[PDB]
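Summary of the model geometry
If you want the building blocks of each chain, they are given just below.
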2 protein chains.
Amino acid sequence: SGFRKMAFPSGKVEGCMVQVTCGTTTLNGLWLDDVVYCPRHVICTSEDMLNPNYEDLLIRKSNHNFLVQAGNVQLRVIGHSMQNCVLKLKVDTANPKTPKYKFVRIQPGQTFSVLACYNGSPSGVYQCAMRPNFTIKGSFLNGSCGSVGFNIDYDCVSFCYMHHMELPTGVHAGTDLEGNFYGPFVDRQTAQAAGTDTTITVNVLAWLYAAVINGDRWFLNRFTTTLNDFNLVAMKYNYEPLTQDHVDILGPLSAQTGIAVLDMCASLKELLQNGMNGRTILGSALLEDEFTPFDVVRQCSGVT
Amino acid sequence: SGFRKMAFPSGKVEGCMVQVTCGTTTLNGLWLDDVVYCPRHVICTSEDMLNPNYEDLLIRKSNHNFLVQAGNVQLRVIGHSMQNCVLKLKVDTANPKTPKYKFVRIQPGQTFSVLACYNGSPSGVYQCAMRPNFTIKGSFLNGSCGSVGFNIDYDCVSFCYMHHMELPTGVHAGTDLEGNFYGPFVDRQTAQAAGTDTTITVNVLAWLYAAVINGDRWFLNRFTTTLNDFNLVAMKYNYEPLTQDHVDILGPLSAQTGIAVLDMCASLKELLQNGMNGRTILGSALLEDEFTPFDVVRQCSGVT
Ligand SMILES: COc1ccccc1OCCN(C)C(=O)c1cc(=O)[nH]c2ccccc12
Ligand SMILES: COc1ccccc1OCCN(C)C(=O)c1cc(=O)[nH]c2ccccc12
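Residues numbered from 1 in each chain as written, not as in the entry; some residues may be left out. Chains lettered and ligands numbered in written order. Heavy atoms only, no water.

The deposited coordinates derive from X-ray crystallography, with the record listing a resolution of 1.250 Å.

What follows is the structure, given as structure tokens:
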């Protein structure tokens, strides 16, 4: 028992991290097979970032301007191209540590692990949710761009995120591995509105199920509700409206605990309306939304 | 910016995990050089665990009874010995993935990363504190024994914990890598009192400094206190008494923010006496004690 904000083991991703330098700018790259992927803003200077013309900036660069180093060794760059907001540097050597991998575009509300890196060296790993407004609340400092987000299904790494920037509000934005930003964000130093965010209802319910499984049961009540009634409360408290698709995804946890999904919704309704009254659930004094129903089952079953 | 409960990258430790089976029991082992370390209770049956005589149980075992498998491949066991609560299985092959490593006995209040494993396969990584009462609040299921806790200083892995058991209260106990339990615990299925736990004061103060660095400042006040006055409040709220050694360890964070340690103690005193009033600090609605002052500086500087 016990329930922690657990990240995937980062080893398979650590073996793919490299440092990419272009001019005076250094960030991280992801080396998979004979390609290194990195944010295109590695080609910018401080002058450029207020409104960069990436096409023009990239035209001044040749393969030999992209310095790619895999720890101690230098990679030879034999091609470069820009795809959306990422650069793809073709190298003459396939990464011998390339795991089985896929590039996926995750949905808002899904979770993933981030391997924070600086100068191509991994520094730490943590678990994130992609917020409903397509930002992530990460931990990133100067030099962290190019750090990636991923999930692991046995031996296959699904890369879903590459870090690009910190908004003036202190939240983070980035792209899928094809360089498409999540959300409305652009890679320029401008004020950028992140939409109104909401709490990921299906994840809060999954975490209440994790709490019951792990013995924290004080919040269970004698009530039930309907999707309609619960959604009036979700609207008032800025929670995502719950749908039958969310109820269906919670099916396995409902079966495991014997607590019908709408009865758990009634517990969540009372917690939203009354608060925790100074109590905690799984070591938290707030309603946690960074665990999906798949995360809760994986953690509560023992998936390797 | 941003502040997350970050674990060390687990790659160096993933390369050391193996599965150890003795009879019908399977758990994890740690393969470093030509030795595999694992909990000695791998030699027990359900019958045995209420009061095992480990010396007698081990006498019935030969090298060939210890099945050690490193993923796909089988290791040949050429020696076995028990050291405190760990078994050391000498194998005929040194682990080619052995990182630079040390065995350390951590102090209560220090933090470390745990790589949770099942059947020798890593499943997830999370950051822990060793509680002042020598338990950890982990996430461990059947088959997780032998999972290890560690810290990483550049290329050196300091192993500090091997998981052995879950107390009836749902908290976790284990040993250093010489097999000495942290705390008063024994490896038998008996009710075992974990002492009165306390909140790690120096870590809460370090995390308040992390909050100020990352922009969460609402809790700063116009007050100051003394070590004596603050310790009366710490006593009332079951916090560890703060010492000058703790003040000295907070020196770098005090210098970085310009907030004197005793002024931060006055903010913590007001939070203890008044609560958070429904506000949050770094995404938490409670006072977090799982970040040491070294963790806060590492996370806020960019250490790889
Ligand atoms: C305004 O910046 C950008 C805007 C759009 C596109 C790229 C921009 O640059 C990114 C800035 N870089 C390079 C960082 O490594 C960075 C990333 C981060 O998440 N946090 C930071 C905090 C402090 C200093 C730097 C960072
Ligand atoms: C009462 O158990 C012990 C007592 C003293 C020494 C060893 C004992 O066994 C450990 C039990 N094992 C083997 C586990 O893998 C385990 C570890 C864990 O932290 N949580 C669990 C939750 C559910 C089922 C099992 C576990």
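Resuming the write-up.
On to the interface of chain B and chain A. Each partner contributes to the interface: chain B provides 43 residues, whereas chain A provides 43 residues. Taking both partners together, chain B and chain A bury about 3000 Å²; carbon and sulfur atoms supply 53% of that area. Linking chain B with chain A are two salt bridges. With its nearest N and O atoms 2.7 Å apart, the salt bridge here joins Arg-4 of chain B to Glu-290 of chain A. Between chain B and chain A we count 23 residue pairs in polar contact in total. (Contact = heavy atoms within 4.5 Å. Buried area = accessible area lost by both parts, 1.4 Å probe. Salt bridge = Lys/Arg side-chain N within 4 Å of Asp/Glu carboxyl O. Polar contact = N/O pair within 3.5 Å; in protein donor to acceptor, adjacent residues only side chain to side chain.)

Now for the site of ligand 1. Close to ligand 1 lie 17 residues; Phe-140, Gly-143, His-163, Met-165 and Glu-166 of chain A are nearest. Residues close to ligand 1 are split across chains A and B. Here an oxygen atom of ligand 1 and a backbone polar atom of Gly-143 of chain A are 2.8 Å apart. One of the side-chain N or O atoms of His-163 of chain A is found 2.7 Å from an oxygen atom in ligand 1. In the complex, 74% of the free accessible area of ligand 1, which totals 570 Å², lies under the protein chains. Considering each element in turn, the shell around ligand 1 owes the most residues, four residues, to strand β12 (residues 156-166) of chain A. In terms of residue class, the shell around ligand 1 is made up of five nonpolar, nine polar and three charged. (Near = heavy atom within 4 Å. Areas by Shrake-Rupley, 256 points an atom, 1.4 Å probe, with all protein chains shown as cover. Helix = DSSP H or I, 4+ residues; strand = E, 2+ residues; numbered from the N terminus. Nonpolar A, V, L, I, M, F, W, Y, C, P; charged D, E, K, R; others polar.)

This next bit is on the domain arrangement of chain A. For chain A, the assigned domains are domain 1 (1-14 + 100-197), domain 2 (15-99) and domain 3 (198-301). Centre-to-centre, using C-alpha coordinates, domain 2 of chain A lies 43 Å away from domain 3 of chain A. (Domains from an automatic or database assignment.)

A word on the relation of the copies chain B and chain A. For the match of chain B to chain A, the screw axis carries a shift of 0.0 Å, the RMSD comes to 0.0 Å, and the turn is 180 degrees. The superposition operator between the copies reduces to a two-fold rotation axis. When C-alpha distances to the rotation axis are compared across chain B, the minimum falls at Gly-11 of chain B, with a value of 1.8 Å. (Least-squares fit on C-alpha atoms.)

A few words on the sheet that holds strand β7 (residues 86-91) of chain B. All names here are of chain B. Strand order in the open sheet formed by seven strands is β5-β4-β1-β2-β3-β7-β6, and the pairing between neighbours is antiparallel. At either margin of the open sheet sits one strand with a lone partner, and together these are β5 (73-75) and β6 (77-83). On average, each strand axis in the sheet is inclined to that of its neighbour by 30 degrees, with strand direction left out of account. One ladder, built from four bridges, connects strand β1 (residues 17-22) with strand β4 (residues 66-70); its direction is antiparallel. Paired with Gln-19 across the bridge in β4 is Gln-69. (Pairing = 2+ DSSP bridges. Axes fitted to C-alpha atoms, helices over the stretch in contact; angles between N-to-C directions.)

Residue and element names in this part refer to chain A. Judged by pairing direction, the sheet is antiparallel, and its seven strands sit side by side in the order β5-β4-β1-β2-β3-β7-β6 without closing on themselves. Of all strands in the sheet, those bounded by a partner on one side alone are β5 (73-75) and β6 (77-83). Neighbour to neighbour, the strand axes of the sheet diverge by 30 degrees on average, direction disregarded. Sheet analysis places strand β4 (residues 66-70) next to β5, joined by three bridges and oriented antiparallel. Paired with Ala-70 across the strands is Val-73, a residue of β5.

Around ligand 2, 17 residues are found, and the nearest of them are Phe-140, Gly-143, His-163, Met-165 and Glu-166 of chain B. Each of chains A and B places residues next to ligand 2. A distance of 2.8 Å separates an oxygen atom of ligand 2 from a polar atom in the backbone of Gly-143 of chain B. With respect to ligand 2, the side chain of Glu-166 of chain B contributes an N or O atom lying 3.0 Å from a nitrogen atom. Protein coverage of the free-state accessible area of ligand 2, which is 570 Å², stands at 74%. Residue contributions to the shell around ligand 2 peak at four residues, all from strand β12 (residues 156-166) of chain B. A per-class count over the shell around ligand 2 returns five nonpolar, nine polar and three charged.

What follows concerns the packing of helix α3 (residues 201-213) of chain B against helix α8 (residues 293-301) of chain B. Residue and element names in this part refer to chain B. Closest axis-to-axis distance for the α3/α8 pair is 8 Å, and the angle between their directions is 20 degrees. What the angle tells us is that α3 and α8 run roughly parallel. In the crossing of α3 with α8, the sense of the turn from one axis to the other is right-handed. Where α3 abuts α8, its residues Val-202, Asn-203, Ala-206, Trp-207, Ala-210 and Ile-213 lie against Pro-293, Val-296 and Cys-300. Residue classes in the contact of α3 with α8 are distributed as eight nonpolar, one polar and no charged. (Parallel < 35°, antiparallel > 145°, perpendicular 65-115°, else oblique. Left-handed = near helix turned anticlockwise from the far one by under 90°.)

Further remarks concern the side chain of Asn-231 of chain A. Residues and elements named next belong to chain A. Structurally, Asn-231 is set in helix α4 (residues 227-236). The class of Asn-231 is buried, set by a relative accessible area of 19%. At 2.8 Å, the side chain of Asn-231 forms a polar contact with the backbone nitrogen of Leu-242. Apart from residues lying up to four places away in sequence, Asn-231 is in contact with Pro-241 and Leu-242. (Buried < 20%, exposed > 50% of the residue type's maximum accessible area, 1.4 Å probe, protein only.)

With that settled, consider the pattern of salt bridges. Pairs may arise between side chains of opposite charge once their charged atoms sit close together. The final tally for this structure, using the stated rule, is 22 salt bridges over all chains. Residue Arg-131 of chain B is joined to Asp-197 of chain B by a salt bridge in which the shortest nitrogen-to-oxygen separation is 2.8 Å. Note that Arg-131 of chain B is positioned in the loop between β10 (121-129) and β11 (148-153) and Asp-197 of chain B in the loop between β13 (172-175) and α3, a separation of 66 residues in sequence. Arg-131 of chain B sits in the buried class, given a relative accessible area of 5%. Sharing partners across several salt bridges, the network here consists of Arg-4 of chain A together with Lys-5, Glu-288 and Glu-290 of chain B.

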